[PDB]
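Novice: Chains as they are written, first to last, in our numbering: chain B, 1 to 53; chain V, 54 to 356; chain Y, 357 to 687; chain U, 688 to 810; chain E, 811 to 886. Below: one structure in structure tokens.
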Amino acid sequence: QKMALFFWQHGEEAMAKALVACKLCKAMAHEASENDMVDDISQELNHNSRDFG
Amino acid sequence: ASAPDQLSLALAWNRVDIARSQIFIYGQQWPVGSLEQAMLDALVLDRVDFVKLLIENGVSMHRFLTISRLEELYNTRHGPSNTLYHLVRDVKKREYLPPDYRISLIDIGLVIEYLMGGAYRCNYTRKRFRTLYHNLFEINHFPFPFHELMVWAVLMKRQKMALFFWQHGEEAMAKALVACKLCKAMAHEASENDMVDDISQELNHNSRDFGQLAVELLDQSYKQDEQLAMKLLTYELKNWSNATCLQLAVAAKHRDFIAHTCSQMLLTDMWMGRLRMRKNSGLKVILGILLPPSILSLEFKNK
Amino acid sequence: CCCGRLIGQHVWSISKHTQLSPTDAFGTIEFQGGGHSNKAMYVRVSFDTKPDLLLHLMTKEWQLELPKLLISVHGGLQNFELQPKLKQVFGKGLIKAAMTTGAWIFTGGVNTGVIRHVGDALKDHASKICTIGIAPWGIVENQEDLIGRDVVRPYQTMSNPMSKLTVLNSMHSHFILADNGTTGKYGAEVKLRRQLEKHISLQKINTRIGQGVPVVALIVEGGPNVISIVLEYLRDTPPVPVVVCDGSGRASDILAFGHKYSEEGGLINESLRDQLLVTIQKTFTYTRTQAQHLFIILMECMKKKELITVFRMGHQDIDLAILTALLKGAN
Amino acid sequence: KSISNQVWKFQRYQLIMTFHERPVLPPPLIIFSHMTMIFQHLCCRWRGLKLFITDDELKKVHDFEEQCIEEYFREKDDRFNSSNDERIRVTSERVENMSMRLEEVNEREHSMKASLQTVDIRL
Amino acid sequence: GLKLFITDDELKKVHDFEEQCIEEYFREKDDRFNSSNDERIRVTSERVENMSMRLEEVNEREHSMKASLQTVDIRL
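And the structure:
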């Protein structure tokens, strides 16, 4: 996550990067909750999607 | 003067710093049994910082805590008030009281059975300790002294002493859940006898704090190592009537212990057995029930 | 007597006429008192033994893994005082370096001086790391309490304020007791500790990033023996680096005040050299006849400034200087 | 509604333990599983979340649990000493100590300045 | 629809614009973090730490200088 934030600051087309990161984290949250992984994983991914959003 | 009398004056003044600076110094010739009797006086008076001083300087709590010593800790009145007399009277009335009743360890064991409820059968009430009580009133010592001392401090309303006895020792999360159940049950017995709001509200606050200790210890154990956390929540507590921490917490109706990712992950792993075809289940379970060929197209966990 | 013991308490060969006997007292110490109880093994070792057999002890018979660092804790023998925040940042950086590198700390062991500041560091830690002590057998208080083969002996924190004997610190994890046969005299542990550090530093490490298992020796204050052992450290093959901590006084402050104004070792101006000589002669109360000898010994130290690393406090723990000198003295 | 999720995750333990305790066969066919339990028990006697641990592994659980208590108490101590209330408290205490100390330094500076003026008069 | 097909020369100016607003946003959260009450309490506490050790040192130095001045006045 912190690596993703550093990679967000360094680079261009960063708004598109942030929105794709938001969709990817929310979709990984839904996909991990679909397989019923540990709720920390899914809640962390939703927190990451809310962060990039 | 002699150092036992100096330490007795320090217990009287409630000033641990004075004893720390002067009384426990190099060369002080402590006699035989001085620190054990001083520890007894410090425990019956609820002077927890002096108990910390006496365990820091060396008292060997395993050698101190015997049958007679814990019994004297139960019959003392030189401290904060307790609801122990009502509880012992109720369990001796239900099992079947003079005002000079020297309350036995067996009777306190019955109190732990009554407050804990369910199928908790305390080591005090077990037959071997009953023959030890019937033949004596390291055999008379206690293998896990901090357990019995925390049951003492919880049962007689001494809260800071209970926190201190929670900190030192092992099997502490089970100790916290047992303390939560005992404080809630004493609160419920006090409110069923509809006494002052202070005793019921304070015992409910005690159970909430000790359960919160159990939850925060669960969170720390889950952050360090998940597998040993699962091992912590499931092993047979030989000292706590052959149960697990999950059984003790569900006995305690304690909601946010079994709400946490560790306990839910363990229950989910128990819920589906050795079956790894466990994504979007339910419909697959019904299709495997109705179709006996449908089991062979399902993933299974290895041994 | 010459050995310092009582005349009727009996039962190097020069004037002490010692006879070489097998070892008899070794085991485990149960530290009662002084807060938490800590178990610390102890072995009495003669001062003229081979270091490879002590290495075999510490590897096989003690279940201690080979570390990545040796943070020596050499300093002043007498008891002194420091700033509270300086001792706090010293202890925090020491325990931080000890957990990051898995180091063995060769603290002196007897509870007087910089060893008591190491015990203050371990009180801040309060929860692996080894803290092997090199202290003489003749100076430890209650010598009869530690007699016993494989017996967990009780050892209280009893320290008489008028006794010449000094009790050990209760929170070292291990102990080596250098026995030369005498009582109450220093110098029995220095040569054994040097040959032990040399024989550890000749061992190739598992990672082998530098040159074997590296050593970083730390100095706080000290007398002329501190200057002599820094001279031994720098002229050692391999050249083990030295971390010094000023703001305390004695030899370390003189070393840092020289190191700030030395340039190319001997490039010191006349007024600064005279000021250093007069602070040696008066502030440290040394003799003026040996002041020039200590100055030229300091210059022999000062010819190799590339490994002497200082620490100025003024967050910014000592582990910065420890890891920097670790990377300097590794080749 | 405030407690819904917690009530659900509580009642999960009850129903998982219950349906682990129940036999393999449904209630209309449970007589068969009952007779197989009777057959197993009468050939082994007349002729699920309780991990029984050995002593050494139990000792590792105890050491793990103790270091969890140590990390808990040091985390609570760090959180109490980094809250705003305790910081403002300790800052107030040192500022009072500083103001007294600075007054003392100020008076000693008055003494030193008078002594310096007298020394300049005497030289 | 809304999809404005942008040439590379305009795209360079949009990219540079986005770089400036990212830099302003990061320095703006840095200013908010260094003007929030929590960090101000923290820095005030640490500055009082360092200065209190300094002031205790100054008191010891003061006593030494006063004693030295008194001894110099005595030896004159």
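Where a beta carbon is used, it is the ideal one built from N, C-alpha and C, also for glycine.
Rounding to the nearest angstrom, what Cα-Cα distance links residue 386 of chain Y and residue 487 of chain Y in this structure?
Specialist: Mapped onto the third sequence, residue 386 of chain Y falls at position 30. Mapped onto the third sequence, residue 487 of chain Y falls at position 131. Computed Cα separation, rounded: 16 Å.
Novice: Judging by CA-CA distance, which residue of Y:554, Y:398, Y:606 and Y:460 is the nearest neighbour of residue 499 of chain Y?
Specialist: Along the third sequence, one-based indexing puts residue 499 of chain Y at 143. Ranking the options by Cα distance to residue 499 of chain Y, first place goes to Y:398.
Novice: How long is the line joining the alpha carbons of residue 547 of chain Y and residue 536 of chain Y, rounded to whole angstroms?
Specialist: Along the third sequence, one-based indexing puts residue 547 of chain Y at 191. Along the third sequence, one-based indexing puts residue 536 of chain Y at 180. Their backbone Cα atoms lie some 11 Å apart in a straight line.
Novice: Measure the alpha-carbon distance for residue 263 of chain V versus residue 219 of chain V and round it to whole angstroms.
Specialist: In the second sequence, residue 263 of chain V corresponds to position 210, counting from 1. In the second sequence, residue 219 of chain V corresponds to position 166, counting from 1. Going from the Cα of residue 263 of chain V to the Cα of residue 219 of chain V covers about 9 Å.
Novice: Grab me the residues of residue 469 of chain Y's own chain with a C-beta within less than 7 Å of its C-beta, minus the 5 sequence neighbours each way, in chain order.
Specialist: Residue mapping note: residue 469 of chain Y aligns to position 113 of the third sequence, counting from 1. So the list reads 431, 432, 433, 434, 435 and 436, once near-sequence residues are dropped.
Novice: In chain Y, which residues lie less than 9 Å from residue 875 of chain E when you measure between Cβ atoms?
Specialist: Start at 1 with the first residue of the fifth sequence, and residue 875 of chain E comes out as number 65. What residue 875 of chain E touches in chain Y: nothing, since even the nearest Cβ is about 16 Å away.
Novice: Just reading off the alpha helix (DSSP H) that residue 612 of chain Y is part of, what are its end residues?
Specialist: As a position in the third sequence, residue 612 of chain Y is number 256, starting the count at 1. Its alpha helix (DSSP H) spans residues 606-616.
Novice: Can you say whether residue 735 of chain U is buried or exposed, counting buried as having 16 or more other CB atoms within 10 angstroms of its CB?
Specialist: By one-based count along the fourth sequence, residue 735 of chain U stands at place 48. Its Cβ having fewer than 16 others within 10 Å, residue 735 of chain U is exposed.
Novice: Determine, using beta-carbon pairs with one atom in the stretch 284-299 of chain V and one in the stretch 315-325 of chain V, whether at least three such pairs fall under 8 Å.
Specialist: The stretch 284-299 of chain V is in contact with the stretch 315-325 of chain V.
Novice: In whole angstroms, give me the CA-to-CA distance for residue 544 of chain Y and residue 663 of chain Y.
Specialist: Taking the first residue of the third sequence as position 1, residue 544 of chain Y is located at position 188. Taking the first residue of the third sequence as position 1, residue 663 of chain Y is located at position 307. So the alpha carbons of these two residues sit roughly 28 Å apart.
Novice: Would you mind reading off the limits of the alpha helix (DSSP H) that contains residue 169 of chain V?
Specialist: Your numbering for residue 169 of chain V matches position 116 in the second sequence. Its alpha helix (DSSP H) spans residues 158-169.
Novice: Does the contact criterion of 3 or more C-beta pairs under 8 Å hold for the stretch 403-420 of chain Y versus the stretch 635-652 of chain Y?
Specialist: At 8 Å Cβ cutoff, the stretches do not touch.
Novice: Is it buried or exposed for residue 358 of chain Y, if we count other Cβ within 10 angstroms and need 16 for buried?
Specialist: Numbered from 1 along the third sequence, position 2 holds the residue referred to as residue 358 of chain Y. Under this definition residue 358 of chain Y is an exposed residue.
Novice: Using only CA atoms, which one of Y:600, Y:441 and Y:491 lies nearest to residue 858 of chain E?
Specialist: Along the fifth sequence, one-based indexing puts residue 858 of chain E at 48. Ranking Y:600, Y:441 and Y:491 by Cα distance to residue 858 of chain E puts Y:441 first.
Novice: Could you name the residues of the same chain whose beta carbon sits closer than 7 Å to that of residue 209 of chain V, not counting the 5 residues immediately before and after it, in chain order?
Specialist: Here residue 209 of chain V corresponds to residue number 156 of the second sequence, with the count starting at 1. If we look at residue 209 of chain V and ignore the five residues flanking it on each side, its Cβ neighbours are 135 and 137.
Novice: Which of helix, strand or coil does DSSP assign to residue 282 of chain V?
Specialist: As a position in the second sequence, residue 282 of chain V is number 229, starting the count at 1. In this structure, residue 282 of chain V counts as helix in the three-state DSSP scheme.
Novice: Could you tell me whether any Cβ in chain V is nearer than 7 Å to the Cβ of residue 748 of chain U?
Specialist: Counting from one through the fourth sequence, the residue named residue 748 of chain U turns up at place 61. Yes, contact with chain V.
Novice: Rounded to the nearest angstrom, how far is the Cβ of residue 569 of chain Y from that of residue 422 of chain Y, given a contact under 8 Å?
Specialist: One-based indexing of the third sequence puts residue 569 of chain Y at position 213. One-based indexing of the third sequence puts residue 422 of chain Y at position 66. That pair is a contact at about 6 Å.
Novice: Residues in the same chain with beta-carbon distance under 7 Å from residue 651 of chain Y, minus the five sequence neighbours each way, listed in chain order, please.
Specialist: Position 295 of the third sequence, counting from 1, holds the residue named residue 651 of chain Y. Excluding positions up to five away in sequence, the list reads 633.
Novice: Under 9 Å, CB to CB, which of the residues in the stretch 385-404 of chain Y have a partner in chain V?
Specialist: Listed in sequence order: 388, 389, 390, 391, 392 and 393.
Novice: Within this structure, are the beta carbons of residue 379 of chain Y and residue 424 of chain Y separated by less than 7 Å?
Specialist: One-based indexing of the third sequence puts residue 379 of chain Y at position 23. One-based indexing of the third sequence puts residue 424 of chain Y at position 68. Cβ atoms of residue 379 of chain Y and residue 424 of chain Y: not closer than 7 Å.
Novice: Can you give me the start and stop residues for the alpha helix (DSSP H) that residue 379 of chain Y sits inside?
Specialist: Translated into positions along the third sequence, residue 379 of chain Y becomes position 23. Premise fails: residue 379 of chain Y is in no alpha helix (DSSP H) and is neither H nor E.
Novice: For the stretch 310-321 of chain V, list every residue whose C-beta sits within 8 Å of some C-beta in chain B, in sequence order.
Specialist: Listed by position, the residues of the stretch 310-321 of chain V near chain B (Cβ gap below 8 Å) are 314, 317, 318 and 321.
Novice: Quick check on residue 727 of chain U - is its C-beta less than 7 Å from some C-beta in chain V?
Specialist: Locating residue 727 of chain U in the fourth sequence gives position 40, where the first residue counts as 1. Judged by the 7 Å Cβ criterion, residue 727 of chain U is not in contact with chain V.
Novice: In this structure, how does DSSP classify residue 194 of chain V when only helix, strand and coil are distinguished?
Specialist: Position 141 of the second sequence, counted from the first residue, corresponds to residue 194 of chain V. Here residue 194 of chain V sits in strand by DSSP.
Novice: For residue 730 of chain U, which three-state DSSP category applies?
Specialist: Taking the fourth sequence and counting its residues from 1, one reaches residue 730 of chain U at position 43. Correct three-state label for residue 730 of chain U: helix.
Novice: Can you give me the Cβ contacts of residue 316 of chain V inside the same chain, cut-off strictly under 8 Å, excluding the 5 residues immediately before and after it?
Specialist: Position 263 of the second sequence, counted from the start, is the residue given in the question as residue 316 of chain V. So the qualifying residues of the chain are 271, 286, 299 and 310.
Novice: What does residue 278 of chain V reach in chain U if we use C-beta pairs closer than 8 Å?
Specialist: Position 225 of the second sequence, counting from 1, holds the residue named residue 278 of chain V. Result: 751.
Novice: Closest Cβ-Cβ distance between residue 35 of chain B and chain V: below 7 Å?
Specialist: Position 35 of the first sequence, counted from the first residue, corresponds to residue 35 of chain B. Cβ-Cβ to chain V under 7 Å: yes for residue 35 of chain B.
Novice: Can you list, in chain order, the residues of its chain whose CB lies under 6 Å from that of residue 492 of chain Y, leaving out five sequence neighbours each side?
Specialist: Here residue 492 of chain Y is taken as the residue at index 136 of the third sequence, counted from 1. For residue 492 of chain Y, where only same-chain residues beyond five positions count, the Cβ hits under 6 Å are 534, 544 and 545.
Novice: Hey, out of Y:552, Y:620 and Y:628, whose CA is closest to residue 404 of chain Y's CA?
Specialist: Here residue 404 of chain Y refers to the residue found at position 48 when the third sequence is read from its first residue. Among Y:552, Y:620 and Y:628, the Cα nearest to that of residue 404 of chain Y belongs to Y:552.
Novice: How big is the Cα-Cα spacing for residue 720 of chain U and residue 344 of chain V?
Specialist: Mapped onto the fourth sequence, residue 720 of chain U falls at position 33. Mapped onto the second sequence, residue 344 of chain V falls at position 291. The alpha-carbon atoms of residue 720 of chain U and residue 344 of chain V are separated by roughly 21 Å.
Novice: Along chain V, which residues have their Cβ under 9 Å away from the Cβ of residue 708 of chain U?
Specialist: Numbered from its first residue, the fourth sequence carries residue 708 of chain U at position 21. Within 9 Å Cβ-Cβ: nothing; residue 708 of chain U doesn't reach chain V, min ~12 Å.
Novice: With which residues is residue 431 of chain Y paired in a DSSP beta bridge?
Specialist: Here the question's residue 431 of chain Y lines up with position 75 in the third sequence. The partner list for residue 431 of chain Y (beta bridge, DSSP) reads Y:576.
Novice: So, using beta-carbon positions, are residue 674 of chain Y and residue 449 of chain Y closer together than 7 Å?
Specialist: Here residue 674 of chain Y refers to the residue found at position 318 when the third sequence is read from its first residue. Here residue 449 of chain Y refers to the residue found at position 93 when the third sequence is read from its first residue. Cβ distance < 7 Å, so residue 674 of chain Y and residue 449 of chain Y count as in contact.
Novice: Which word fits residue 284 of chain V, buried or exposed, when buried means at least 16 other C-beta atoms lie within 10 angstroms of its C-beta?
Specialist: Sequence index remark: in the second sequence, residue 284 of chain V carries index 231 (1-based). When all chains shown are included, residue 284 of chain V counts as buried.
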